[PDB]
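Student: One structure follows; several queries about it will come next.
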Amino acid sequence: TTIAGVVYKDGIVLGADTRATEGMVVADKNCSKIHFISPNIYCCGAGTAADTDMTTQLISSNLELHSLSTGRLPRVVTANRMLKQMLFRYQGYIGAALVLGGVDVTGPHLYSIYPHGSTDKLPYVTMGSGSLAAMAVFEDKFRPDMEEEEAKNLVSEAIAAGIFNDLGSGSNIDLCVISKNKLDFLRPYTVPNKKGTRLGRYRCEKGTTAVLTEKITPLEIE
Amino acid sequence: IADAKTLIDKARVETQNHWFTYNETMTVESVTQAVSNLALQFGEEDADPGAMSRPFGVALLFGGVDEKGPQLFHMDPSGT
Amino acid sequence: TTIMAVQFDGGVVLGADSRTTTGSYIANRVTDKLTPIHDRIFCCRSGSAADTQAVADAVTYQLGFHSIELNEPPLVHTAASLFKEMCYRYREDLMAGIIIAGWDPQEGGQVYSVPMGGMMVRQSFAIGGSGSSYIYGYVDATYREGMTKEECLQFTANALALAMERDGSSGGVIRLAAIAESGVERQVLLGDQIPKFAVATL
Amino acid sequence: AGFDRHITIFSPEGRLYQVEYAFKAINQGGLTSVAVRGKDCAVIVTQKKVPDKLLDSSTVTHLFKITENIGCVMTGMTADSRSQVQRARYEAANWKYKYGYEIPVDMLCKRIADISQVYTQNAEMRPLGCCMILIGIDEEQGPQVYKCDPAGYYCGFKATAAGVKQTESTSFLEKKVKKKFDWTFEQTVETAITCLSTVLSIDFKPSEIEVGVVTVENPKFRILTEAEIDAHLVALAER
Amino acid sequence: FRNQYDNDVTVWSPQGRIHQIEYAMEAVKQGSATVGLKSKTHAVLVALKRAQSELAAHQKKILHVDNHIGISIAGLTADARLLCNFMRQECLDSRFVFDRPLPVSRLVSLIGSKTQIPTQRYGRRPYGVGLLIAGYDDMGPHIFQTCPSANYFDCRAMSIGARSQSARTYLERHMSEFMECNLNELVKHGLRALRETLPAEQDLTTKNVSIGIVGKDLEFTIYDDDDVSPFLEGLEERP
Amino acid sequence: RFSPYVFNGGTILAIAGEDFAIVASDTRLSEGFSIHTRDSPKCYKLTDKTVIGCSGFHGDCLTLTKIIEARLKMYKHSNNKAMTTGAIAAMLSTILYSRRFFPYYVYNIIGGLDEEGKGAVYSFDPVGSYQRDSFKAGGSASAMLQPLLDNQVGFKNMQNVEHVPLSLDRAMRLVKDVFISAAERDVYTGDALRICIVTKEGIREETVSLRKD
Amino acid sequence: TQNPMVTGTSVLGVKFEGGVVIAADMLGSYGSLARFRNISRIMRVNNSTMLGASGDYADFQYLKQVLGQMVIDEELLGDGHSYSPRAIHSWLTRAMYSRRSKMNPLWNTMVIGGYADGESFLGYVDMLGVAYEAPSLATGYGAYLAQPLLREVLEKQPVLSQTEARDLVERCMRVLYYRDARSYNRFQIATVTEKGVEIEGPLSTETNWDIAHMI
Amino acid sequence: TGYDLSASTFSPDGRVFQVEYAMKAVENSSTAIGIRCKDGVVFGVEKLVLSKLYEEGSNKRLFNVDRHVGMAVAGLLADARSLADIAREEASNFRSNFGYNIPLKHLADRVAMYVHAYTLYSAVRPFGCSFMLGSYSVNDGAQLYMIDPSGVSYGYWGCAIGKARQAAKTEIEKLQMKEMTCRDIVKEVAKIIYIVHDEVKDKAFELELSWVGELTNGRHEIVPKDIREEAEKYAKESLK
Amino acid sequence: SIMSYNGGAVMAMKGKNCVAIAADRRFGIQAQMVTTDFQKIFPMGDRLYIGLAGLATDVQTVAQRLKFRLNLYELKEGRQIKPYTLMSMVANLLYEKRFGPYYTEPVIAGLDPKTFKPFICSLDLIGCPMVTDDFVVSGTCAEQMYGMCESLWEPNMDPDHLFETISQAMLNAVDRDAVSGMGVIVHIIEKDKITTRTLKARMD
């Protein structure tokens with residue numbers, strides 16, 4: 001897993017890979033590691049996938065209630081505090097490394113949340129197995145007050161560096177741009193690698209497989 | 001008869017608890033005090049749910065030979 | 001990490017490095033370990049980041065409620081006592097070393113040290129964290145009674161620089177704060193501004 | 001009847017008379033409070049009556065600070081007022097702890113009011129016989145004024161009063177907003193003081209009233225000194 | 001009428017009197033009389049026991065809590081037994097924890113708290129028993145009384161139960177000599193005092209008298225029917 | 001890491017009689033190789049007719065003595081009589097078994113006079129199994145003391161030797177001698193011996209010196 | 001405290017005619033580091049009692065707060081009674097034994113010293129709840145080093161004066177400073193008397209390093 | 001009218017009458033007064049001697065709720081002793097958690113809230129005690145607070161509770177306590193109590209006094225008997 | 001691993017307006033087969049199926065608990081569950097026991113109740129849902145069957161071609177593992193019918 005985020009001049013850009021590995025076999029491709037917490041707050045997740053999914057969903061629901069009651073868009077600090085307090089209560093047994101990104105009345109805020117309840121507000125963050133390579137790219141090429149296209153290019157480069165160099169990561173790249181004005185969620189922004197053409201067709205003709213028994217049960221379409 | 005059966009059960013279990021703990025036989029006064037303590041609980045000073053709110057509508061006569069010889073004790077709904 | 005506080009007449013100077021680490025990877029090189037518990041009470045945080053952040057937010061909550069209901073500025077000893085009760089009651093499950101420093105009108109500038117295990121000591125200067133080991137000698141020799149505010153700032157900067165160069169866990173930029181009756185003046189020393197000392201250079 | 005004397009039971013007309021009696025409990029105190037909003041400020045005024053000379057005038061107050069940037073004025077039973085003030089302070093601090101930012105005035109009022117609802121629905125406890133009026137500045141919405149009542153109604157207001165002269169005071173304020181030109185800080189304070197003084201007939205002196213203000217320039221709730229109150233009062237008399 | 005305001009302890013009366021507590025205080029008057037008096041070196045408890053019938057034995061009116069404390073009861077034997085159990089466990093806890101005899105004043109304070117809790121809450125009745133607590137501690141001999149109301153007193157001498165005013169007036173007129181008395185003189189004085197309470201036809205006997213003595217060298221001992229004969233023989237006759 | 005026990009040493013002895021019982025113990029408290037104190041008698045007077053001796057972990061000895069004293073008071077209050085030696089023994093068995101799973105590390109000996117007037121000694125394992133015995137030694141020097149008591153008092157393995165009822169004087173002589181030998185050849189036991197003899201008169205305490213280490 | 005964190009060593013005490021004296025170094029060591037060098041490891045429980053501790057300083061501070069509130073509340077009820085040193089010692093034995101039974105030990109071993117009713121008291125309490133009374137006491141490495149000297153002088157002289165007892169504890173503190181790494185030069189002395197408790201400030205031991213040149 | 005039966009109820013005109021009935025409880029009590037001056041706070045109680053049999057220094061209405069604060073009570077003595085236990089618990093908890101002696105204003109607020117809890121619920125009656133609290137600290141200064149059965153709390157330069165509250169209040173009003181010092185204030189407290197005492201209705205009283213201030217180094221304590229005798233003789237002389 | 005104790009294999013595949021779900025039949029204790037008729041695919045609807053592989057006990061238990069929840073859902077809401085909603089329900093059930101997990105690796109295969117768009121997904125031990133458009137696999141032989149699927153599968157397959165592909169993949173995969181085999185059953189779900197066939201396989 002590589003997830004990464006950066007703050008550009010008028011918002012945030014979040015990026016992640018789309019590979020899920022159970023052991024050392026790629027259990028899934030085109031997995032979505034960018035989650036919805038609120039209209040203005042999206043969060044990437046890494047670590048235990050179920051923990052990331054469920055904690056992000058729970059905080060999404062709590063912030064939905066909070067925003068409904070207060071009548072104003074949710075703040076990023078509220079999401080950060082909810083997440084960190086839950087994670088601290090569970091003492092790291094729920095395993096989630098999260099890049100929390102959203103824009104609110106204060107401005108653009110990017111937070112990085114560790115499994116034990118630590119949080120860090122930063123201009124740029126990375127998490128997962130490829131965090132070191134992504135951080136290498138960020139440390140090299142991040143500059144303050146970047147434009148949106150520049151930030152997208154940087155995050156794509158970092159997630160790509162994580163993809164190629166790290167084994168656990170690798171698939172299409174996803175991007176998400178949150179601005180004060182708009183949100184653009186970009187399932188595959190880039191497709192760095194593709195499966196090669198199958199030279200030989202092995203399509204099994206009918207009758208290739210023997211069958212001891214069969215039972216056809218008609219369904220009453222209606 | 002019913003709350004009498006309850007108090008008789010308390011007396012029996014207390015006698016056997018005394019035998020278990022001290023390897024001896026209770027005195028008639030001690031057994032009568034043991035049941036009397038249960039009878040006192042109608043006041044509901046204890047927070048336990050399983051104590052009858054009404055006083056025990058029975059009087060008992062406890063007769064037994066103890067270290068002091070033959071003894072006859074009377075017990076009443078008050079627990080005196 | 002290295003955290004250091006020193007008491008000057010009428011206030012305190014707090015100082016800390018910016019490095020937090022996971023193993024040998026510097027997860028954040030720009031961390032802020034000096035947190036406001038209150039307007040004139042700060043804590044220097046050393047140990048587990050999650051533990052320290054949680055306890056700091058809890059003490060901030062409790063001290064704010066206490067301060068508003070008493071309608072008075074809170075006492076640094078009160079904040080330190082809250083920190084002690086938390087850290088001692090959870091000493092087995094908690095890994096934190098805190099230096100509580102601030103200014104209150106009753107007792108002036110105060111520095112309190114909460115090491116791991118939950119005990120409270122008031123100290124004229126206190127050092128904590130992994131890197132404080134290397135600078136115990138420097139603070140013992142260098143410290144003099146009745147230093148000025150600027151003198152204490154330079155002292156804290158030099159000590160933290162020495163600990164930073166000699167400790168891998170410590171590093172980054174030096175974050176310094178001066179708390180007094182007037183208010184908090186926070187500054188960051190980076191690059192050339194950080195004090196540098198000569199190398200053997202054979 | 002018997003349909004009163006318990007909060008739970010409904011009347012045959014479905015009115016819950018007990019809470020309506022709690023509303024009377026506010027007027028039993030004999031004090032009035034007024035709150036009026038302005039373009040850049042919100043103010044709360046209330047009578048300060050010291051029955052005995054021996055009482056320390058500093059201690060007696062109906063103006064309390066729920067948090068640094070929110071202030072309230074309580075009208076009704078003094079003890080219930082203090083209890084609700086404590087609950088409000090706890091709610092504000094707990095909001096800051098959980099959500100990382102200062103509680104909005106509207107959400108504080110909503111929390112206190114729904115607590116009052118749980119009081120008016122459960123049997124054994126009684127509604128607190130007090131009324132709260134909260135003033136604060138919200139960055140998005142500017143100044144705010146809100147009121148809780150024993151029932152759980154928490155509506156916001158441009159200006160309001162509570163206490164014995166509530167109807168007279170809101171009649172006075174209704175005329176003033178109808179002839180709306182603006183309210184700066186001085187005019188806001190003057191409107192509040194004129195409303196209270198006119199409805200009571202008091203022609204106040206600085207000791208008799210206590211005023212608290214919030215302003216967009218200085219968001220913190222502050223209770224003005226007797227000197228500031230006299231400065232405003234003299235300006236009223238001069239013109 | 002005012003049958004209302006008498007139903008429960010939790011209802012104040014229009015003149016600030018909790019009538020159930022007073023009705024409980026009436027309970028002590030029902031019981032047989034008891035007298036307690038002290039000297040510089042000793043504290044004494046003496047009682048008049050009652051019997052349901054000739055065949056029945058006389059009831060136990062003096063109970064030992066500890067070596068250094070013992071009690072005598074007037075009012076409900078049930079409440080007496082319960083409170084005695086509580087006191088005994090408190091003294092045992094003090095000896096286990098601190099390895100010191102519990103101060104008698106502190107013990108009666110604990111009794112007062114435990115007794116007070118029923119009066120304020122709905123539910124359990126007030127303890128309708130009056131106890132005289134007598135003990136020796138490092139400070140000296142002490143005698144206390146506890147009412148069914150949780151208030152307790154410290155006394156030079158006191159008498160509780162039926163017709164105890166006669167004993168109280170005898171004690172008051174003879175009080176000055178008590179302080180320097182021998183234990184025999186003191187028990188004789190107390191015996192005459194309770195003799196005042198008896199009916200004129202009735203007289204003190206070995207059977208209906210129980211005596212309880214504690215002092216610096218003497219642990220609390222209840223002198224029973226046979227053992228009271230040394231103390232009783234000195235007394236002369238009815239006046 | 002934390003060990004809830006330490007062996008504070010000491011030995012206890014009890015020897016019954018036709019009309020008497022004796023309970024005797026060292027007065028040394030020793031943690032590891034160091035001597036905490038040289039005057040800490042292990043014998044405690046529960047009643048006029050009973051003495052308890054405890055050896056093992058001193059904290060458990062202390063708490064058990066306090067518990068037994070408190071429950072003795074409670075029995076006195078409830079039943080209006082003093083606990084007999086057998087009653088104390090059974091109560092102690094139950095108390096010890098209460099903590100089967102986090103035990104009291106104590107070896108207890110109860111010595112006293114029974115209701116009939118004869119001497120009785122009750123001996124307890126750490127977990128509360130108890131047996132009436134004519135004599136027994138407990139604690140660190142049980143192995144050393146008990147064989148000689150078996151030979152002299154029980155006349156075991158002795159052929160053509162008459163059996164005499166033990167006397168108070170002979171018993172006290174034997175107790176002093178066996179404790180002297182245990183003082184010689186057991187490191188834990190020494191520096192005094194408190195002999196507590198119970199008769200119809202009551203407890204009588206005599207102290208005799210044993211060699212300091 | 002399953003693991004001790006900041007610890008102090010070697011509280012000594014000896015009872016003299018008309019009182020008791022206890023003394024303690026002012027160092028709390030963070031595992032071979034002299035982290036805290038002005039901590040006071042002796043407390044004034046009441047006018048008739050003192051207490052000093054070796055082991056985890058945090059546990060000592062907790063016990064200070066608890067026992068001090070206990071002393072305060074008895075003073076508030078104010079019936080003329082007060083806790084004896086025997087009473088404080090018994091309660092402390094109970095508390096330490098309970099925390100041991102809960103396997104949440106208070107790591108400290110404490111000396112309770114007091115003079116009341118004309119009789120001196122000096123008693124030991126361990127983290128496991130082992131407790132006893134004795135003429136002289138030494139905790140930590142004091143038990144191995146200082147206690148022989150105290151026992152020799154006390155065995156030959158059962159009763160000692162305040163002056164010679166003070167000289168004795170000073171000599172034992174000198175020995176412990178020589179032969180214990182966790183010890184410190186500065187130490188306090190505190191004595192209970194008929195008058196009350198007085199704790200002397202930082203006191204220091206003159207040290208003889210003559211054998212160094214002998215080499 | 002069933003409105004007065006319970007404290008959960010409200011009268012139709014907005015009055016909780018059980019609380020007022022409890023306020024009538026304290027008026028049954030003998031008077032007690034507390035006066036605050038520059039140096040500190042002085043408390044005084046008119047403790048009626050019901051019987052010669054009762055020991056002196058018994059039925060104490062002046063309690064020490066912490067070393068630096070004292071409490072004087074009027075109303076039901078059982079409820080008062082219980083409230084004193086509550087206040088002592090609150091002070092001890094404050095010391096244990098926040099590390100210093102409780103401020104008197106905060107202590108009054110907490111015990112007042114505890115009292116106010118009882119007026120709300122139907123199961124439990126209001127307290128039958130009104131009590132005064134007083135402390136001196138060099139930081140806070142001299143502080144005197146009074147708590148009614150309702151849970152209302154206020155700071156008083158001078159205060160009175162019990163049967164003779166109004167007369168005691170006018171006598172206190174003509175005193176100028178702010179300038180005065182404690183060793184005079186004890187004498188004037190004795191004067192006021194002797195004035196308000198009714199010899200016909202009340203057979204006899206033993207003046208019970210206490211103070212807190214700088215003269216104690218901020219510890220509430222019972223008056224030394226010499227000073228008590230001097231103040232009592234002065235009060236008898238002034239009474240004429 | 002504990003998952004290997006009983007052993008199993010479950011597969012699902014997506015064609016055109018059709019789904020196939022297939023699973024082995026062996027039930028055995030670490031090495032000794034007991035029965036060749038274990039049910040590892042259960043019906044959770046008219047044209048929605050779930051397949052459980054892992055511990056046999058947790059297979060049966062989660063199947064029963066899910067049927068409990070699903071029957072109450074269908075009765076309360078008066079409609080058939082959508083496949084994604086069944087996925088979410090199963091994920092909630094498994095995550096409820098995040099500590100002390102049910103040792104299963106479920107696979108859901110079905111057609112949408114109205115669109116009849118095909119749906120396949122898999123869930124991990126602790127309820128991590130993964131939805132795929134080509135195939136999903138679970139069990140001891142995930143590695144082998146993953147490779148075989150990655151080779152054989154083609155998009156927009158006919159029902160007959162889907163049956164041939166899933167049959168070949170399961171047979172060749174379970175041939176190369178010890179603990180699964182003893183026959184395989186293939187369920188083919190089409191909008192108009194359900195076709196269940198038991199293949200001929202090596203009984204070794």
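Scheme for the structure tokens: letters A, B, ... for chains in order shown; per-chain residue numbers from 1; ligand numbers from 1 in order shown.
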Can you pull out every residue from chain B that DSSP, working from the backbone, puts in strand (DSSP E), and format the result as a PyMOL selection string?
Tutor: chain B and resi 60-66+69-75
Student: If you count only C-alpha atoms, which residues fall within 12 Å of range 195-199 of chain F, apart from same-chain ones fewer than 2 positions away, as number ranges by chain?
Tutor: F: 12-27, 41-53, 85, 110-114, 117-121, 168-169, 171-176, 179, 192-193, 201-209
Student: Could you list, as number ranges by chain, every residue within 12 Å of residue 176 in chain D, counting only C-alpha atoms and ignoring same-chain residues fewer than 6 positions away?
Tutor: D: 36-37, 158-160, 169-170, 182-183, 187-188, 190-192, 194-195
Student: Considering only C-alpha atoms, extract the chain C residues located within 9 Å of chain H and return them as a PyMOL selection string.
Tutor: chain C and resi 69-70+77-82+85+106
Student: Residues of chain A near chain C: apply a cut-off of 7 Å, count only C-alpha atoms, and supply the list as a list in words.
Tutor: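 Residues passing the distance filter: residues 88, 116, 117 and 118 of chain A.
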Student: Residues within 12 Å of range 211-214 of chain A, please, as a list in words. Count only C-alpha atoms; anything in the same chain fewer than 2 positions from it doesn't count.
Tutor: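 Listing them by chain and then by number gives residues 206, 207, 208, 209, 216 and 217 of chain A; 163, 164, 167, 168, 171, 183, 184, 185, 186, 187, 188, 194, 195, 196, 197, 198, 199, 200 and 201 of chain I.
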Student: Create the file for the chosen residues now, containing C-alpha atoms and written as a JSON list (two decimals), in the first residue's frame.
Tutor:
```json
[["chain", "number", "residue", "atom", "x", "y", "z"],
["A", 206, "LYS", "CA", -18.21, -27.24, -24.90],
["A", 207, "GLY", "CA", -17.92, -30.82, -23.67],
["A", 208, "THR", "CA", -14.34, -30.40, -22.44],
["A", 209, "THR", "CA", -15.52, -31.00, -18.85],
["A", 216, "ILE", "CA", -31.80, -27.32, -13.85],
["A", 217, "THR", "CA", -34.28, -25.46, -11.66],
["I", 163, "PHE", "CA", -19.35, -23.19, -17.01],
["I", 164, "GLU", "CA", -16.48, -24.67, -19.03],
["I", 167, "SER", "CA", -15.11, -26.20, -14.25],
["I", 168, "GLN", "CA", -11.65, -26.42, -15.81],
["I", 171, "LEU", "CA", -10.65, -29.13, -11.39],
["I", 183, "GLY", "CA", -15.50, -33.61, -6.41],
["I", 184, "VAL", "CA", -16.69, -30.12, -7.25],
["I", 185, "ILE", "CA", -20.17, -28.65, -7.71],
["I", 186, "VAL", "CA", -20.84, -25.79, -10.11],
["I", 187, "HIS", "CA", -23.89, -23.58, -9.75],
["I", 188, "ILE", "CA", -24.76, -21.46, -12.78],
["I", 194, "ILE", "CA", -30.40, -22.10, -11.87],
["I", 195, "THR", "CA", -28.28, -24.95, -13.23],
["I", 196, "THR", "CA", -26.33, -27.05, -10.74],
["I", 197, "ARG", "CA", -23.91, -29.71, -11.97],
["I", 198, "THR", "CA", -21.48, -31.94, -10.11],
["I", 199, "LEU", "CA", -18.36, -32.47, -12.16],
["I", 200, "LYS", "CA", -16.35, -35.65, -12.54],
["I", 201, "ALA", "CA", -13.07, -35.18, -10.71]]
```
Student: Determine, counting only C-alpha atoms, which protein, DNA and RNA residues have an atom within 6 Å of an atom of range 43-54 of chain E; residues of the same chain fewer than 3 positions away are not included. Present the result as a ChimeraX atom specification.
Tutor: /E:32-38,58-59,141,208-214
Student: Write a file of the just-selected residues containing C-alpha atoms, as a short mmCIF file (atom, residue, chain, number, x, y, z; two decimals), in the first residue's frame.
Tutor:
```cif
data_model
loop_
_atom_site.label_atom_id
_atom_site.label_comp_id
_atom_site.auth_asym_id
_atom_site.auth_seq_id
_atom_site.Cartn_x
_atom_site.Cartn_y
_atom_site.Cartn_z
CA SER E 32 -38.24 -0.11 79.12
CA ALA E 33 -36.06 2.50 80.76
CA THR E 34 -32.28 2.64 80.75
CA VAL E 35 -29.82 4.86 82.61
CA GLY E 36 -26.16 5.64 82.02
CA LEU E 37 -23.73 7.65 84.13
CA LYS E 38 -19.96 8.05 84.32
CA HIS E 58 -36.23 -11.07 80.53
CA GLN E 59 -35.08 -9.43 77.33
CA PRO E 141 -14.85 7.59 79.97
CA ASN E 208 -35.09 -7.23 85.90
CA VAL E 209 -31.78 -5.38 86.35
CA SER E 210 -28.75 -5.57 84.10
CA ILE E 211 -25.58 -3.57 84.68
CA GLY E 212 -22.84 -2.75 82.21
CA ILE E 213 -19.46 -1.41 83.32
CA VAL E 214 -16.37 -0.36 81.38
#
```
Student: Could the residues of chain G that have an atom at most 6 Å from chain E be listed as a Markdown table, each with its closest atom pair and the distance in Å to one decimal, counting only C-alpha atoms and ordered by chain and ascending residue number?
Tutor:
```
| residue | atom | partner | partner_atom | distance |
| --- | --- | --- | --- | --- |
| G:87 | CA | E:98 | CA | 4.6 |
| G:90 | CA | E:98 | CA | 5.1 |
| G:91 | CA | E:98 | CA | 5.1 |
```
Student: Report as a PyMOL selection string: the residues of range 1-200 of chain C with a DSSP assignment of helix (DSSP H, G or I), based on the backbone of this structure.
Tutor: chain C and resi 49-70+76-89+132-142+149-166+191-193
Student: Can you check which residues of chain G have any atom within 12 Å of chain F? Use only C-alpha atoms and format it as JSON, numbers by chain.
Tutor: {"G": [1, 2, 3, 4, 90, 91, 92, 93, 94, 95, 96, 97, 98, 99, 100, 101, 102, 103, 104, 105, 106, 107, 123, 124, 125, 126, 127, 128, 129, 130, 131, 132, 133, 134, 135, 136, 137, 138, 139, 140, 141, 142, 143, 144, 145, 147, 148, 151, 155]}
Student: I'd like the contact shell of residue 75 in chain E - 8 Å cut-off, only C-alpha atoms, skipping same-chain residues fewer than 3 positions apart - returned as a ChimeraX atom specification.
Tutor: /E:27-31,80,128-130,161
Student: What's around residue 238 in chain E at 9 Å? Count only C-alpha atoms, leave out sequence neighbours fewer than 3 positions away in its own chain, and write the answer as a PyMOL selection string.
Tutor: chain E and resi 192+195-196+200+203
Student: Could those selected residues go to a file with N, CA and C atoms, as a PDB file, in the first residue's frame?
Tutor:
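Here's the written file again_9.pdb:
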```
ATOM      1  N   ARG E 192     -30.655   3.543  91.651  1.00  0.00           N
ATOM      2  CA  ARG E 192     -31.702   4.370  92.239  1.00  0.00           C
ATOM      3  C   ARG E 192     -32.394   5.207  91.166  1.00  0.00           C
ATOM      4  N   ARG E 195     -34.702   3.147  89.397  1.00  0.00           N
ATOM      5  CA  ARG E 195     -35.773   2.822  90.329  1.00  0.00           C
ATOM      6  C   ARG E 195     -36.828   3.913  90.342  1.00  0.00           C
ATOM      7  N   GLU E 196     -36.422   5.157  90.091  1.00  0.00           N
ATOM      8  CA  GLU E 196     -37.407   6.228  89.973  1.00  0.00           C
ATOM      9  C   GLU E 196     -38.405   5.945  88.856  1.00  0.00           C
ATOM     10  N   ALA E 200     -44.603   2.269  91.331  1.00  0.00           N
ATOM     11  CA  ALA E 200     -44.422   2.253  92.779  1.00  0.00           C
ATOM     12  C   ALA E 200     -44.546   0.842  93.335  1.00  0.00           C
ATOM     13  N   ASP E 203     -40.399  -3.104  92.195  1.00  0.00           N
ATOM     14  CA  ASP E 203     -39.137  -2.804  92.850  1.00  0.00           C
ATOM     15  C   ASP E 203     -38.018  -3.487  92.081  1.00  0.00           C
TER      16      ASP E 203
END
```
Student: Find the residues of range 112-158 of chain E that sit at most 10 Å from range 40-64 of chain B; for each, write down the nearest two atoms and how far apart they are in Å, to one decimal. Count only C-alpha atoms. Sort by chain, then by number going up, and give it as a tab-separated table.
Tutor:
```
residue	atom	partner	partner_atom	distance
E:118	CA	B:45	CA	8.9
E:123	CA	B:44	CA	8.3
E:124	CA	B:45	CA	6.2
E:125	CA	B:43	CA	7.7
E:127	CA	B:43	CA	9.9
```
Student: Include C-alpha atoms and write out the residues we just selected as a tab-separated table (two decimals), in the first residue's frame.
Tutor:
```tsv
chain	number	residue	atom	x	y	z
E	118	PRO	CA	-33.01	6.76	55.97
E	123	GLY	CA	-37.86	3.95	51.40
E	124	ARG	CA	-36.34	2.63	54.59
E	125	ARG	CA	-37.85	4.03	57.76
E	127	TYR	CA	-34.23	3.66	62.86
```
Student: Output the contact residues of chain A with respect to chain D at a cut-off of 10 Å, based on only C-alpha atoms, as a short mmCIF file (atom, residue, chain, number, x, y, z; two decimals) with N, CA and C atoms, in the first residue's frame.
Tutor:
```cif
data_model
loop_
_atom_site.label_atom_id
_atom_site.label_comp_id
_atom_site.auth_asym_id
_atom_site.auth_seq_id
_atom_site.Cartn_x
_atom_site.Cartn_y
_atom_site.Cartn_z
N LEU A 63 -19.84 12.05 11.40
CA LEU A 63 -19.74 13.39 10.85
C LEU A 63 -20.98 13.75 10.05
N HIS A 66 -23.20 14.94 12.73
CA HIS A 66 -22.71 16.21 13.25
C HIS A 66 -23.02 17.35 12.30
N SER A 69 -26.83 18.12 12.24
CA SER A 69 -27.30 18.86 13.41
C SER A 69 -26.79 20.30 13.38
N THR A 70 -25.48 20.48 13.20
CA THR A 70 -24.91 21.83 13.26
C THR A 70 -25.31 22.68 12.07
N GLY A 71 -25.68 22.07 10.95
CA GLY A 71 -26.11 22.82 9.79
C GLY A 71 -25.00 23.48 9.01
N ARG A 72 -23.75 23.12 9.27
CA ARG A 72 -22.60 23.67 8.57
C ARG A 72 -21.65 22.52 8.25
N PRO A 74 -18.65 19.93 7.92
CA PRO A 74 -17.79 19.46 9.00
C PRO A 74 -16.36 19.94 8.84
N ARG A 75 -15.71 20.16 9.97
CA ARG A 75 -14.31 20.57 9.99
C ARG A 75 -13.40 19.35 9.99
N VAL A 76 -12.18 19.57 9.51
CA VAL A 76 -11.22 18.47 9.40
C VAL A 76 -10.71 18.08 10.78
N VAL A 77 -10.54 19.07 11.66
CA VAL A 77 -10.05 18.81 13.01
C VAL A 77 -11.01 17.89 13.76
N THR A 78 -12.31 18.02 13.50
CA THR A 78 -13.28 17.14 14.15
C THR A 78 -13.07 15.69 13.73
N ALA A 79 -12.87 15.47 12.43
CA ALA A 79 -12.59 14.14 11.92
C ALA A 79 -11.32 13.58 12.54
N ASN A 80 -10.28 14.42 12.59
CA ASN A 80 -9.00 14.00 13.15
C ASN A 80 -9.15 13.59 14.61
N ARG A 81 -9.87 14.39 15.39
CA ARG A 81 -10.02 14.12 16.81
C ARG A 81 -10.85 12.86 17.05
N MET A 82 -11.94 12.69 16.31
CA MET A 82 -12.73 11.47 16.42
C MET A 82 -11.88 10.24 16.13
N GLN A 85 -9.09 9.64 18.85
CA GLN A 85 -9.59 9.17 20.13
C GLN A 85 -10.05 7.73 20.05
N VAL A 105 -13.85 25.72 6.49
CA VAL A 105 -13.90 27.17 6.63
C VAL A 105 -12.52 27.73 6.98
#
```
